[PDB]
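Only one structure is covered here, and it is reproduced in the block below.
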Amino acid sequence: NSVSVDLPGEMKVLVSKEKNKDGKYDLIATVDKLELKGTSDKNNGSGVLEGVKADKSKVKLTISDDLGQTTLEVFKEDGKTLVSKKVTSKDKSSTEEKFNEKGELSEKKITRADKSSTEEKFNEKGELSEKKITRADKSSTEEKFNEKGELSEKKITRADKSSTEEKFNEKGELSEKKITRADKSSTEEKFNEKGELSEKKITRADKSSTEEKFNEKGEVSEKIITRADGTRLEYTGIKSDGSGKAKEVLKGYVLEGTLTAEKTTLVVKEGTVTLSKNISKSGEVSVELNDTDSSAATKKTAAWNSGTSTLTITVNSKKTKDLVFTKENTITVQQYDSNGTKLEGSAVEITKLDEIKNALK
Amino acid sequence: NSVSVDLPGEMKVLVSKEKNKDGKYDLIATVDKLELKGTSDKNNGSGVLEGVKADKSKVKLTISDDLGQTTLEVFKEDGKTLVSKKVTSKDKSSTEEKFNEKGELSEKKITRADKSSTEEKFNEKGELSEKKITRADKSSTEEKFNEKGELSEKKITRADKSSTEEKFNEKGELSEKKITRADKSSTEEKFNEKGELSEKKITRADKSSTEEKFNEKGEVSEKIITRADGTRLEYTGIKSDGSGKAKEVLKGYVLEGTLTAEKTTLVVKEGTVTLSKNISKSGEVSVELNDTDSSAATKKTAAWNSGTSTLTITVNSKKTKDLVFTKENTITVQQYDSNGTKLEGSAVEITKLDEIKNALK
Amino acid sequence: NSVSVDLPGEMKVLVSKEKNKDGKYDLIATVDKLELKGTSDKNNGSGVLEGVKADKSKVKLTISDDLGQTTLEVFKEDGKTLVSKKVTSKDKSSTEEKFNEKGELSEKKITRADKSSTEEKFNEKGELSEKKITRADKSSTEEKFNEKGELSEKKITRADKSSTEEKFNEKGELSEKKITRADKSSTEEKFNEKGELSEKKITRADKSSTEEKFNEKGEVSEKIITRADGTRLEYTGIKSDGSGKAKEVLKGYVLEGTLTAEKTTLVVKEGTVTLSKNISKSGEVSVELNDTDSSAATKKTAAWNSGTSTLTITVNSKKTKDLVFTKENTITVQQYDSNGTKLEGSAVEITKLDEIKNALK
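See below:
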């Protein structure tokens, strides 16, 4: 007595074989466990079907004449006010809509045949609150909005899980931006009241980081190199000629000094002795020792062995101590014997500025 | 006896000046060399005209009430099973459809008023086959789907000749993506079945490339730096402190060594002599030689000149050899005279690891 | 007699209270000083409205089903040829199109809900002329094309104002690339008509710079090194071994001279007294003085001490001048007493070249 026509969205519509009493084709379909009834002038499956839900909501299926689009509407009890609308097409793409309790738009999702989609939500005043764009390869950019339609949050998600998050002030101007990659590493930028860069911190996967402050002239006014081992170099008050004050912060003490474009000089003085930690522009440590003392039996000198980062000090023809500047960024003292030819005991890590100064006596 | 009305789809319908014997207006038009005849109540040009092709297939032209649309249908001999359908509107937008022998959809091209278009092909079971989107700037994305209707392949081609190729697996999951830029360089990514990046490969404009394997923590486990000259640095077993095993694959021989945060050291030992090719993080090479031998009569010292990438070897105050490390990534030997001052012969290219070793003797 | 409904674009559709003669709903609105009559089945403000401009141009507003989008087209007198099209949408995003005098695209602008936009200009033939994408964080890819459709300029500006500029040729090949960072530091490369690197300039964050011009074979034909305090060196006409004419540019004065594979020699004379400043490949500074005079009580000779870079001059067995060459790159002259035992007062920085020729008298 009837043939089936199968439709976009996996559904079938049943058309009467012969025309009915009114001169119309009867139509019957089952959607979400609910039976729908309809008539039309055509026998191909086109036309419109109604049905009522157990909760008195009204359901309206509408199939287009060429059968390439089903429209499924869910109305409240009164027939006028909308609850949800789904448009589906032969290529599987769709548009699903949600509505508030006035039949007015809440949510809209558009899904394309390649499964990509853009989504939008609207508050009760009809102003955008969030928008999400999902791409063919599952990657996503979500953005949030305040009540005055302005932007407040943006989050790009990359195919490689890497994400970028961007905050905006109440005015929609960029206030801050952080890439966070698959390494656990990240680059983070702060932006001033004028849209300019004020702060930049590149963190690396081994917890290490480098951070620069920027000034009115957009130069690097300060730089903080943070090493993975916890310590750090701190360059403050950087001028235009690449020079400023340098401060190395170690577990326990602090080494202080100067910066020039070429090299960082970290000095520590004790009586006439000044020890000098030098770092090149590339970052290779080197150490030197100078002594004002005009007395041979007490004048200190020292040789630097860059292959073992050790510095050996001598007094009156005799090696006194080895200062090693270790790869984990610590200094260790070990003493020589009275003959000045054998290292005694074991290395000792220096934990106080007073202990460096103590070796310089 | 009649008036031409020019229509959308560039065609004209002819309408007679007054009615016919049955009170209707006569309409005649010629389409692709076929004369279509029709009768309508109205004389504005609107109505339906039919004609029959010589192979018996029926043509139907339907001009809308307001002359705002033309539907040109072409059916099989039965007049019911569609073969093609074209709906052109007044703003020049259009819709071309092609049908299979069952009268079901096979191609739909939608053309918009600004000449841009979306085009879709469906297979014989009615699943999507491919989709092509041409945009205003002539850039175009080409998507291919499988017999099951899931995405398999997508290629964006941009107006600047840049392209983003994406391949997908049996599950609609991104397996591999290749962005290639307008400057002819290209980032390429591969993905495991978990979503995570398994391999990245950056090719530069000059055909040099950096291939990277990633681990489960996201860190880089293996690196292959390929130079333009074809030779490659193979870093493998890369540990979290930045260190790892290294291998340089040169024409005819392999240098071996280790890798640390700052540099790659490539080592070749012969007797007490050890030659060391050092490569910087920026790829800057520098060589040095050391010799355990004490006998001034046979100790090899060597000085490096970075300006010409060359190492001269010295035994007994007299220069012995030049080892030049070239920009095409080769090494050449040239002996001095017995007086130790004049280079003799012509430089000779080293091709064997023995030949480097034999020069260090 | 009617009720207001507000729409995307902040415009107003008036729909009449109920049906009239044909059973339809009358729609009316105002757009840019023009009234537009319209009619429809549904009553929510959906449907089409048409109106005639004073210059005979046609206007067609188009309001969608869910009331979320307005289309405002304007046509030439015919109603076939497009002039303008402005789609506006509920999320406040928008799309404007301008058409030349065959209804064919000239400019397309897309404004998004997050206030950002892309812009496309087309040429009189129909090709893409230029495209600028602007993002929420104000980051921007810009590109311009020649009337031949080929790419000419591609510049990417990042959120923090750091940019990457590429210029191409007539054949669509890379000719000039410049990466420029937020440190104000920048790399710049220039490629010849054959794709090889012809020119290279790295500007660093402290305004330090290295320029290298590469010749026809690929070698370095010129080099210009600029320090952090502004002063610089010019190496011009470099050959295979490294031989070429050198030049130094210090604040106030310029030393001319020669550069060979090992070092740079700058030559100045006062009489036969030739002073030579010598800079090694590593940059180690050294100075010496030769006199052709055959008189022991007047002949000038000087000593070089590289422990404090001082050049001590002596004439007639008596010390006269200390020429200290400082690491901030200036020269100082501290005179001695009449005998040559005591130093007089403080040092004096040289401000003219006339103050280097005047010392060697």
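First to last, the sequence lines map onto chains B, A and C.
FYI, the numbering for the first sequence is 28 to 388, going by the entry's author numbering.
FYI, the numbering for the second sequence is 28 to 388, going by the entry's author numbering.
FYI, the numbering for the third sequence is 28 to 388, going by the entry's author numbering.
Note that CB positions come from ideal geometry on N, CA and C, so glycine has one too.
Quiz item: What is the residue span of the beta strand (DSSP E) that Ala232 of chain A lies within?
Solution: Position 205 of the second sequence, counted from the first residue, corresponds to residue 232 of chain A. Premise fails: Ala232 of chain A is in no beta strand (DSSP E) and is neither H nor E.
Exercise. Kindly indicate if chain B contains any beta-carbon less than 9 angstroms away from that of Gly153 of chain A.
Key: Locating residue 153 of chain A in the second sequence gives position 126, where the first residue counts as 1. Interface residue, yes.
Quiz prompt | Reduced DSSP secondary structure (H/G/I, E/B, other) of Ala329 of chain B | solution = The count along the first sequence starts at 1 and reaches residue 329 of chain B at position 302. Secondary structure at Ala329 of chain B: strand, using DSSP grouped into helix, strand and coil.
Quiz prompt | Validate contact between the stretch 212-224 of chain B and the stretch 196-204 of chain B using beta carbons, cut 8 angstroms, 3 pairs | solution = yes
Quiz prompt | N-terminal and C-terminal residue of the alpha helix (DSSP H) that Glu382 of chain A is part of | solution = Mapped onto the second sequence, residue 382 of chain A falls at position 355. Here the alpha helix (DSSP H) through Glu382 of chain A covers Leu380 to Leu387.
Quiz item: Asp68 of chain C CB to nearest chain B CB: under 9 angstroms?
Solution: Locating residue 68 of chain C in the third sequence gives position 41, counting from the first residue. False, the Cβ-Cβ gap to chain B never drops below 9 angstroms.
Quiz item: Can you name, in chain order, every residue of its own chain whose Cβ lies under 6 angstroms from the Cβ of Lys346 of chain C, other than the five neighbours on each side?
Solution: The sequence position of residue 346 of chain C within the third sequence is 319, counting from 1. So the qualifying residues of the chain are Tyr363 and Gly367.
Practice problem: Tell me, please, whether the stretch 142-158 of chain A touches the stretch 111-119 of chain B by the rule of three or more beta-carbon pairs shorter than 8 angstroms. | Solution: yes
Quiz item: Residues in its own chain within less than 6 angstroms of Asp233 of chain C by CB, not counting five upstream and five downstream?
Solution: Counting from one through the third sequence, the residue named residue 233 of chain C turns up at place 206. Closer than 6 angstroms at the Cβ level, and outside the excluded window around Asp233 of chain C, lie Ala255.
Practice problem: Give the residues of chain C in contact with residue 409 of chain A, contact being defined as C-beta atoms less than 8 angstroms apart. | Solution: Since the displayed chain A opens at 28 and closes at 388, residue 409 of chain A lies outside it and no answer follows.
Quiz item: Beta-carbon separation of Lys308 of chain B and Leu316 of chain B under 9 angstroms?
Solution: As a position in the first sequence, residue 308 of chain B is number 281, starting the count at 1. As a position in the first sequence, residue 316 of chain B is number 289, starting the count at 1. Taking 9 angstroms as the Cβ cut-off, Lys308 of chain B and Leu316 of chain B do not qualify as a contacting pair.
Quiz item: Terminal residues of the continuous beta strand (DSSP E) containing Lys119 of chain A?
Solution: Looking up residue 119 of chain A in the second sequence gives position 92. Here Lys119 of chain A belongs to no beta strand (DSSP E), and DSSP marks it neither H nor E.
Exercise. May I ask you to list the residues that DSSP assigns as paired with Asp349 of chain A?
Key: Taking the second sequence and counting its residues from 1, one reaches residue 349 of chain A at position 322. According to DSSP, which records beta bridges pairwise, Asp349 of chain A is partnered with A:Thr339 and A:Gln361.
Self-check item: Simplified DSSP assignment, three categories, for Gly95 of chain C
Solution: As a first step, residue 95 of chain C is located in the third sequence; it is residue number 68 there, counting from the start. Of the three classes helix, strand and coil, the one that applies to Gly95 of chain C here is coil, per DSSP.
Quiz item: Listing by chain order, which chain B residues have their CB less than 9 angstroms from the CB of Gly74 of chain C?
Solution: Within the third sequence, numbered from 1, the residue matching residue 74 of chain C stands at position 47. The premise fails here: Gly74 of chain C is roughly 17 angstroms from chain B at the closest Cβ pair, so nothing lies under 9 angstroms.
Quiz item: Going by the CB atoms, is the gap between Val295 of chain B and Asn305 of chain B shorter than 9 angstroms?
Solution: On the first sequence, position 278 is the one that residue 305 of chain B refers to. On the first sequence, position 268 is the one that residue 295 of chain B refers to. No, the pair does not count as a contact, with Cβ atoms beyond the cut-off.
Practice problem: Might you give, ordered along the chain, the residues of its own chain that have their beta carbon closer than 7 angstroms to the beta carbon of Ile90 of chain C, omitting 5 neighbours on each side? | Solution: Numbered from its first residue, the third sequence carries residue 90 of chain C at position 63. Contacts found: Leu34, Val40, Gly72, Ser73, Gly74 and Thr97.
Self-check item: Exposed unless 16 or more other CB atoms sit within 10 angstroms - verdict on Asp349 of chain B
Solution: Residue mapping note: residue 349 of chain B aligns to position 322 of the first sequence, counting from 1. So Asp349 of chain B ends up on the buried side.
Quiz item: Alpha carbon to alpha carbon, how far is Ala186 of chain C from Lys171 of chain A?
Solution: In the third sequence, residue 186 of chain C corresponds to position 159, counting from 1. In the second sequence, residue 171 of chain A corresponds to position 144, counting from 1. Each residue's Cα considered, the two are about 35 angstroms apart.
Quiz item: Can you tell me where the beta strand (DSSP E) with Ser303 of chain C in it begins and where it stops?
Solution: Within the third sequence, the letter at position 276 stands for residue 303 of chain C. Run containing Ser303 of chain C: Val300 to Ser307, per the beta strand (DSSP E) assignment.
Exercise. Kindly provide the ranges of any alpha helix (DSSP H) runs that are 4 or more residues long and lie completely inside the stretch 195-240 of chain C, ordered along the chain.
Key: Fully enclosed alpha helix (DSSP H) runs of 4 or longer: not present.
Quiz item: Which chain A residues are close to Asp210 of chain B, counting only those with a beta carbon under 8 angstroms from its beta carbon?
Solution: Start at 1 with the first residue of the first sequence, and residue 210 of chain B comes out as number 183. Residues of chain A passing the Cβ test: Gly245 and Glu246.
Quiz prompt | CB contact below 9 angstroms: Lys354 of chain C versus chain B | solution = What you label residue 354 of chain C is simply residue 327 of the third sequence in a count that begins at 1. For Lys354 of chain C, the answer is yes, since a Cβ of chain B falls inside 9 angstroms of its Cβ.
Quiz item: In chain A, what lies closer than 7 angstroms to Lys142 of chain B by C-beta?
Solution: On the first sequence, residue 142 of chain B is found 115 positions in, with the first residue counted as 1. The answer, in chain order, is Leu178 and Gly199.
Quiz item: What does a CB cutoff of less than 6 angstroms around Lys112 of chain C pick up in its chain, not counting 5 residues either side in sequence?
Solution: Within the third sequence, residue 112 of chain C is the residue found at index 85, counting from 1. The answer, listed in chain order, is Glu100 and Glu124.
Quiz item: Nearest chain C C-beta to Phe172 of chain B closer than 9 angstroms, yes or no?
Solution: Position 145 of the first sequence holds residue 172 of chain B. At least one chain C Cβ lies under 9 angstroms of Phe172 of chain B.
Quiz item: Excluding the five sequence neighbours on either side, which residues of its own chain have a C-beta within less than 8 angstroms of the C-beta of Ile265 of chain A, listed in chain order?
Solution: Counting from one through the second sequence, the residue named residue 265 of chain A turns up at place 238. If the five residues before and after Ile265 of chain A are omitted, its C-beta is found closer than 8 angstroms to the C-beta atoms of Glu246, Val247, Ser248, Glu249, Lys250, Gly271 and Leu286, all from its own chain and listed in chain order.
Quiz item: How would you list, in chain order, the residues of chain B whose beta-carbon sits under 9 angstroms from the beta-carbon of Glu223 of chain A?
Solution: In the second sequence, residue 223 of chain A corresponds to position 196, counting from 1. One finds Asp187, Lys188 and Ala209 in chain B with Cβ atoms closer than 9 angstroms to the Cβ of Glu223 of chain A, taken in chain order.
Exercise. Quick one: residues in its chain with C-beta nearer than 8 angstroms to the C-beta of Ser212 of chain A, no 5 flanking neighbours on either side, listed in chain order?
Key: Numbered from its first residue, the second sequence carries residue 212 of chain A at position 185. So the qualifying residues of the chain are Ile229, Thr230, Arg231 and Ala232.
Quiz item: Which ranges does the beta strand (DSSP E) cover as unbroken runs of at least 3 residues, wholly within the stretch 38-80 of chain B, from first to last along the chain?
Solution: List check, beta strand (DSSP E) in window: 38-43, 52-58, 61-67 and 74-79.
Quiz item: To which residues of the same chain is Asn70 of chain A closer than 6 angstroms at the C-beta, ignoring the five residues directly before and after it?
Solution: To locate residue 70 of chain A, count along the second sequence from 1; it is residue 43. If we look at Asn70 of chain A and ignore the five residues flanking it on each side, its Cβ neighbours are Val42 and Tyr52.
Self-check item: DSSP three-state assignment for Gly334 of chain A, whether helix, strand or coil
Solution: By one-based count along the second sequence, residue 334 of chain A stands at place 307. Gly334 of chain A falls in the helix class under three-state DSSP.
Self-check item: Contacting residues, own chain, Cβ-Cβ under 8 angstroms from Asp141 of chain B (five flanking each side not counted)
Solution: Taking the first sequence and counting its residues from 1, the one referred to as residue 141 of chain B is at position 114. Hits under 8 angstroms: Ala163.
Quiz prompt | DSSP state of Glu177 of chain C mapped onto helix, strand, coil | solution = Indexing the third sequence from 1 puts residue 177 of chain C at position 150. Note: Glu177 of chain C maps to coil in three-state DSSP.
Practice problem: Go through its chain and collect everything with a Cβ distance to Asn242 of chain B's Cβ below 6 angstroms, but skip five positions before and after it. | Solution: Reading the first sequence from its first residue, position 215 is the one you call residue 242 of chain B. A distance below 6 angstroms between beta-carbons, with the five flanking residues on each side excluded, links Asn242 of chain B to the following residues of its chain, in chain order: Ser248.
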